[PDB]
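The primary structure of each chain is shown beneath.
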Amino acid sequence: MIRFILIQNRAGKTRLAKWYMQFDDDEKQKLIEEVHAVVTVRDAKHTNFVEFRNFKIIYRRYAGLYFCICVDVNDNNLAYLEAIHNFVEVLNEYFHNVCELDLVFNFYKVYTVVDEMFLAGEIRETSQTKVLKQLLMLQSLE
Amino acid sequence: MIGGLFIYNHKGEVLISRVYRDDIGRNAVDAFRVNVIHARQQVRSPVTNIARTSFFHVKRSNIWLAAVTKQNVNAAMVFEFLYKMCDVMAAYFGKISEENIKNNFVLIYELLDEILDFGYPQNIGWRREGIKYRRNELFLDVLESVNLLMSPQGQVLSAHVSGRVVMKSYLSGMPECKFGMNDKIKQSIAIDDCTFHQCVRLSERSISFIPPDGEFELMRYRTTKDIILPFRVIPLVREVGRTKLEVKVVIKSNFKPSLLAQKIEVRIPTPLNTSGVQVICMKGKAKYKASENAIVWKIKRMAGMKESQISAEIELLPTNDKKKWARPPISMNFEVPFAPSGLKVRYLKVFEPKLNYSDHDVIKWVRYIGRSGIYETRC
Amino acid sequence: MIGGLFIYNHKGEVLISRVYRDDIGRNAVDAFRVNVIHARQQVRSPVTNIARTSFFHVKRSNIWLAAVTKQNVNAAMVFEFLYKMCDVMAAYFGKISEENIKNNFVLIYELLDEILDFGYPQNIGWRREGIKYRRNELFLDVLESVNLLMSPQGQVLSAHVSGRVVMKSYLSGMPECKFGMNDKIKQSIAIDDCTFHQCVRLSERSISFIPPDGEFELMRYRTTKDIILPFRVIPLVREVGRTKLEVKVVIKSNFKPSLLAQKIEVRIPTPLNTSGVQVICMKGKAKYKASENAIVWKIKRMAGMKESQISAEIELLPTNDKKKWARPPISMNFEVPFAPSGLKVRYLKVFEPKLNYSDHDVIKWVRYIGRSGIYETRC
Amino acid sequence: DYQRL
Amino acid sequence: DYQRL
């Protein structure tokens, strides 16, 4: 099952982290620096599968973005990679133009979307169109 | 048409000279040096003629621009040409300085040979087709200059605004732009007059065009009526015998309280025989400068629909008191983040029929930057 | 010797990289980025070794200089080489900036290929013979740095001066120079120690040489005894309960009354729990800055054998009063037009046996410019 | 400052 | 300032 979720830039500024089990802040932050160190040294021509101690990380690039995903040992990785790709697709089609400023200013919207299709460490919703419909109906009311 | 063309510095020597006609002689440049730089008769006209010899002069940085001819040409065209020469110089080597002028001999010679022959000036023309931007972005800058002559009796003596449009576009292909603003002449303002860039098509009048690459000015416009006054200045002058003046100046912030003014400058007139001034300020800092006869009170930030004032004691030196002090107007210089004209942009319809991307792919950026021009309050 | 040589900016990315040996890998530069810029463990040494990999680091402007090797070379030579690289960069393109570094690819590559092969550094040698000057002129600049640690009890804790010679010669031919100063060790001073330029010949010791063209440094010297103290600082600290401090600082001008000091800076220490300070100054202007815990009093000009002082009320915030405030020393920064060392130039015998012109044809120019180094008065 | 149009 | 040597 999913341990936690990371989206980071080239420098390493922390915009989003989302956990599912009890964890302290100091270990969380240090994990942030070493996962940053691991991810930042790679490039395009490497398999997106890495193993460290008791966990494994999936991390795909977009322009200048690092999207890091932490899960258990026996989960089906490339399925999660497809899920992340679909996530990026739906975020792109949402704004008609995806950018870092959308993440900065629509952080609550991102929270609602990930809650709408990521809960308790598992995929919740996979259908793009239903997500879009739910988004349209829930953005409508105040 | 034009023969000789000569340039000086402040020291007065010839810097670069080229003559396109047999008519012009060294006597012309020598007389220009003696009769302009070395002549102490300041009051003149921007043009002059001596012994049937026309001289054209303008000063920028510390550089004289001399043009001489024999015939009855139009002045405006030659003046535009001179401005073009200066502007291309600035573009090619930034700041215009004596050594900066000097270190460009080949540039000067090739340009003068190409741009100009025998006095004749030689030189979709605004955007090519191969421009691409995966991040379709444009920036809007609203620059407006406020001009006011303000009476001591509380009436606007004169008001008019010179406004220019500054936009920075980065879009793919050949975008077709329709500008939408409240041109109803309910939100509506009236355009007193306007001139446009070559790309603007005549066919409420809207602007339809394909924008030039990068930054450019779409149109030039003037507004004179229905101008939102940024500030109101309240003058008060009191005479204290022959030794002191009691002047307290109050200014009104005529804009939204949520708007904070920036770099407020107030110049309070004082006579030359002012023996001293004591400065009092509750906001910002206040200074007295006896040299230029002014009281300097600067306000960093101060909100709209609010008031600020300076308490000043102007101590006068006794003198020929019969000739009373003619009060200059109270001048203020400021920058505002809004447009005093009141222009409101309805939309900017930009469409690319050629490429398969929609209007939502355009990142359209807008901001207002108002500047003070001449803002004087008679007292 | 040296293999890879890498440079960063403050943002941390690689700017220009070249490796002269198979030993160095990308792991080195990556570890340098992570463990220096991205490591928050600040306390280090200017050199470091990880997993048998030596890293050399220095920061100028916002630029990191990285050198890596495997073998046991001398550090000083490589460091001199790095300084030479930085200095030639500054000479070639002035200010060292990221884009300024970037726009010089061919320069960087040709220089690194020429100046350095496989880690081995490659590069009358100071003046040619064809130099001519019909106006034989030379300029003397006397630069001396004063260093003082001053006790609260009125004794000089430490005093030493670092002095350098700056001269600008413009003379014809191959001048033979003999420098004359009071090297008696009656006017006489003692040279504690000194190092020279390559042109200086050993054979009181006088300097005989042929000067390099233009401006150059003849010699480097240090002085520690018989140093004329530019200033005397008188500290006075008074405690007022738990809310206020009464500190008044007096400074003595220890130089000639005919000499006027310039740009006097006095930094008066205050605790972090200072609630406020009231500034009093009879000369210049006095300011209180609670941010950096200092009282800023600046004196434009103030003569020698004279005194100036500041009256200050240091209001303290009540706190853990048991831990008393450790007073930092009172620091002053200044520039003086004289040499604190006391050096006196007897002469400068410059002769040209080759050309037929005498010593009287030389225009010899001399001036003294003293600077403050570390000038602290403990209180 | 700049505002979204 | 500079003085004649």
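Residues numbered from 1 in each chain as written, not as in the entry; some residues may be left out. Chains lettered and ligands numbered in written order. Part of a larger assembly, values for the part shown. Heavy atoms only, no water. Residues with missing side-chain atoms left out of burial classes, pairs and counts.

For this deposited structure, the header cites cryo-EM as the method used and 4.7 Å as the resolution.

The name the PDB entry gives chain B is AP-2 complex subunit mu, with Mus musculus as the organism. Per UniProt, chain B carries the Sequence similarities text "Belongs to the adaptor complexes medium subunit family." (UniProt positions renumbered as here; feature names shortened; annotations may be inferred.)

The name given to chain A in the PDB entry is AP-2 complex subunit sigma, with Mus musculus as the source organism. What UniProt records for chain A under Sequence similarities is the sentence "Belongs to the adaptor complexes small subunit family."

Novice: I tried to follow the sheet that holds strand 12 (residues 207-209) of chain B on my own but got confused; where do I start?
Specialist: Sheet strands pair by backbone hydrogen bonding; their relative direction is either parallel or antiparallel. Residue and element names in this part refer to chain B. With antiparallel pairing, the 3 strands of this open sheet are ordered in space as 12-10-24. Edge strands, defined here as strands with exactly one partner in the open sheet, are strand 12 and strand 24 (345-351). The average angle at which neighbouring strand axes cross in this sheet is 10°, direction not considered. Two elements, strand 10 (residues 176-181) and strand 24, share 6 bridges in a ladder whose sense is antiparallel. Residue pairing for strand 24: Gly 180 is matched across the bridge by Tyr 347. (Pairing = 2+ DSSP bridges. Helix = DSSP H or I, 4+ residues; strand = E, 2+ residues; numbered from the N terminus. Axes fitted to C-alpha atoms, helices over the stretch in contact; angles between N-to-C directions.)

Novice: Can you walk me through the interface of chain D and chain B in this structure?
Specialist: How big an interface is tends to be expressed through the accessible area that disappears when the partners come together. Listed as interface residues are 5 residues of chain D and, on the opposing side, 11 residues of chain B. The residue inventory of the side of chain D that touches chain B, partitioned by class, reads 2 nonpolar, 1 polar and 2 charged. Here 3 bridges tie strand 25 (residues 362-377) of chain B to strand 1 (residues 2-4) of chain D, and the two strands are oriented antiparallel to one another. Considered in strand 1 of chain D, the bridge of B:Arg367 is made with D:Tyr2. (Contact = heavy atoms within 4.5 Å. Nonpolar A, V, L, I, M, F, W, Y, C, P; charged D, E, K, R; others polar.)

Novice: Can you help me understand the domain arrangement of chain B in this one?
Specialist: Along its sequence, chain B is carved into domain 1 (1-123), domain 2 (124-228 + 339-379) and domain 3 (229-338). The distance between the C-alpha centroids of domain 1 of chain B and domain 3 of chain B comes to 43 Å. (Domains from an automatic or database assignment.)

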